[PDB]
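Visitor: A structural model of the following input is requested.
(2 chains)
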Amino acid sequence: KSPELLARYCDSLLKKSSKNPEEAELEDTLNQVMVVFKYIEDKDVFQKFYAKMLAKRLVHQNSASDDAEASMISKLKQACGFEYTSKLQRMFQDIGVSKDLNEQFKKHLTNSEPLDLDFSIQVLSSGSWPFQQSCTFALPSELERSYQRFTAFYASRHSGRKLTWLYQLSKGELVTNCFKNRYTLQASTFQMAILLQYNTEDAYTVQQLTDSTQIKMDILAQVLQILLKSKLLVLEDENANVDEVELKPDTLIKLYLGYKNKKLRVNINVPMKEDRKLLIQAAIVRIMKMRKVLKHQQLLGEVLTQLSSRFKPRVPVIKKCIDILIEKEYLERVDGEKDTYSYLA
Amino acid sequence: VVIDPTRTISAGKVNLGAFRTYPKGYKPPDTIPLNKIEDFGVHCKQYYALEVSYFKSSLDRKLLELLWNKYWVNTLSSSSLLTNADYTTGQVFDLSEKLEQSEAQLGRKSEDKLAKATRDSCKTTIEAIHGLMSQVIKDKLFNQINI
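Guide: Numbers count the residues shown, from 1 in each chain, chains lettered A, B, ... in the order given. Shown next is the protein structure:
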């Protein structure tokens, strides 16, 4: 838990607050973090919660001092090694690549028929990010044309690549033309679709919104709850407490025409929220007895052949098993070759 | 004694080895090391391998040679000097090395290497002559019949 706490410290440090630490003192406190970092005996676990914390920091563009992010990973790379910071290097490079990609896309737009909205997208990458497409969603009629346009731009530039859009992590801004004044709210894609459904009629039932947006039940219920919290959708019984109201697919929710919030920058997009090791050791010692002298890669391949057919173990676990078996003086390294083991019983 | 059933079955010949070991912390005597650790364990210098030979009694020999018809047919067509020619060449090679060592020793621990080299030479020559005698007997038995 202490590693997690240190990593959350890191998160604050780099993320973003009302006060931005100067670049001089920002690296000063980062050096102190690395002073205690080497004292940490176990290094594998630190990368586990640092990956998801960093991914949320960058995908939402909530990171502060992205230059300090490059130096932070630079310090880590020389500390533990390339393999320990290989995944995080992909995350940073994807942000830099997509930032360049956005600039070229804007230039391509001017030379052709322009869009009707300011469109920006982070392309990310598959296999290196914890994100995955988990919620089905129907693309709104207003956010389709631009969609197609970008796909074309991503087909002429890159061939053989397929995009898998993540509407769960996509935000946006929506203007209004029917309120008392001109408002500009910020909401996720789900909330944008729900609020744009009311463009042609006044009141809809819950089922009429579920079958129009194809969002799953739990996420749709949560989005309706937060929208009701922002008093943007008004139920028939005003006096009923919103938290204890039980939602059913029969209530006729209508758009609140008389919305009169004083602030013109309403942000309703606020975020929410052992046994195997012995088996690997036995396989390693058996393979070492069968083959007296082996290389690290050949030993890994043999372990994968004999044992990975059962539960598909992770390579770092096997490497740690090799290290602990070395400490137990079960197999020794051979001088003259960095990766060579001899079964010394 | 260490046996290897898998290689015995897959090769057609028995894979066996007899070994003896040295006392604890005693006798550290001084391309060979690489293959030595490749086929032996890490403790190559901690134990040595005896030369394994087999024997049988007269009744056992008679029963075996009288068991199947494929044992006297394989004797009249054994064709030595060709089944194990490579072993003979290797014996001649290490005989030459032993003769060189004996020549070096006799020019100037106390083992009389010349006698052992002579015994090895007599042994290998005797196997060669035995093979030639088998070939001569086969030629006289089969080729010199019916004109």
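Visitor: identify the residues contacting the most centrally placed residue in chain B.
Guide: Centroid-nearest residue in chain B, with C-alpha atoms, centre = their mean: residue B:87, separated by 7.5 Å. Residues near residue B:87 by C-beta atoms under 8 Å, 6 or more residues apart in numbering or on different chains: none. In short, each C-beta sits where N, CA and C put it, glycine included.
Visitor: measure it to residue A:343 for me?
Guide: Going from residue B:87 to residue A:343 by C-beta to C-beta, to the nearest Å gives 31 Å.
Visitor: about what we covered before: any idea which element the residue nearest to the centre of chain B lies in?
Guide: Element membership of residue B:87, judged by DSSP states H and E, is helix B:85-107.
Visitor: C-terminal to that helix, what's the next element?
Guide: Beyond helix B:85-107 on the C-terminal side, the first helix or strand identified by DSSP H and E is helix B:113-138.
Visitor: now do the helix or strand residue A:11 falls within: which elements does it pack against?
Guide: Element membership of residue A:11 [criterion: DSSP H and E] is helix A:2-14. Contact analysis of helix A:2-14 by 3 or more C-beta pairs under 8 Å, 6 or more residues apart in numbering or on different chains; DSSP states H and E lists helix A:23-37, helix A:44-59, helix A:66-80 as its packing neighbours.
Visitor: strands of the stretch 201-345 of chain A, start to end?
Guide: A:203-205, A:233-234, A:252-255, A:293-295, A:332-333, A:340-342 (DSSP state E, counting those that start in this stretch).
Visitor: show me where the stretch 51-200 of chain A has strands.
Guide: Counting by DSSP E, counting those that start in this stretch, the stretch 51-200 of chain A has strands at residues A:171-175, A:184-188.
Visitor: I'd like to know which of these lies nearest to chain B.
Guide: strand A:171-175 (61.9 Å; C-beta to the nearest C-beta).
Visitor: can you list contacts of that closest one?
Guide: Outside strand A:171-175, the residues that touch it by C-beta under 8 Å, 6+ apart are A:60, A:143, A:182-189, A:192, A:195-196, A:269.
Visitor: and chain B, which residues reach chain A?
Guide: Counting by C-beta under 8 Å from any C-beta of the partner chain, chain B comes close to chain A at B:37-42.
Visitor: of those residues, closest to chain A?
Guide: Nearest to chain A among the residues of chain B next to chain A, with distances taken as C-beta to the nearest C-beta, is residue B:42, at 4.9 Å.
Visitor: quick check: closest non-adjacent residue to residue 101.
Guide: Answering for chain A, as no chain was given. In this structure, residue A:101 finds its nearest non-sequential neighbour in residue A:123, 6.2 Å apart by C-beta to C-beta, 6 or more residues apart in numbering or on different chains.
Visitor: think we crossed wires, I meant chain B
Guide: Nearest to residue B:101 is residue B:113, by C-beta to C-beta, 6+ apart, at 5.6 Å.
Visitor: give me the neighbour count for the nearest residue to residue A:180 once chain neighbours are set aside.
Guide: Leaving aside its chain neighbours, residue A:180 sits nearest to residue A:260 (5.7 Å; criterion: C-beta to C-beta, 6+ apart). Residue crowding around residue A:260 was assessed by other C-beta atoms under 10 Å in any protein chain shown; the count is 8.
Visitor: can you redo the strands of the stretch 201-345 of chain A as TSV with distance to residue A:133 and mean neighbour count?
Guide: Below are the strands of the stretch 201-345 of chain A laid out as TSV (distance: least, C-beta to C-beta, whole Å; neighbours: other C-beta atoms under 10 Å in any protein chain shown):
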stretch	distance to residue A:133	mean neighbour count
strand A:203-205	27	15
strand A:233-234	27	18
strand A:252-255	28	16
strand A:293-295	40	19
strand A:332-333	45	14
strand A:340-342	42	19
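Visitor: put together CSV for these, with distance to residue B:136 on each row.
Guide: As requested, these are exported to CSV (distance: least, C-beta to C-beta, whole Å):
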stretch, distance to residue B:136
strand A:203-205, 111
strand A:233-234, 113
strand A:252-255, 113
strand A:293-295, 49
strand A:332-333, 58
strand A:340-342, 53
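Visitor: and the contacts of stretch B:131-140?
Guide: By C-beta under 8 Å, 6+ apart, the list of residues contacting stretch B:131-140 from outside reads B:76-81.
Visitor: of those residues, buried ones?
Guide: For these, a burial check counting by 16 or more other C-beta atoms under 10 Å in any protein chain shown picks out residue B:80.
Visitor: redo the contacts of stretch B:131-140 as a markdown table? Include secondary structure.
Guide: Formatted as a markdown table, the contacts of stretch B:131-140 follow (DSSP: H, G, I helix; E, B strand; the rest coil):
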| residue | secondary structure |
| --- | --- |
| B:76 | helix |
| B:77 | coil |
| B:78 | coil |
| B:79 | coil |
| B:80 | coil |
| B:81 | coil |
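Visitor: can you pull the contacts of residue A:62?
Guide: Residue A:62 neighbours (C-beta under 8 Å, 6+ apart): A:15-16, A:56.
Visitor: and it, how far is that from residue A:125?
Guide: 19 Å.
Visitor: what's the neighbour count on residue A:129?
Guide: Other residues within reach of residue A:129, judged by other C-beta under 10 Å, total 19.
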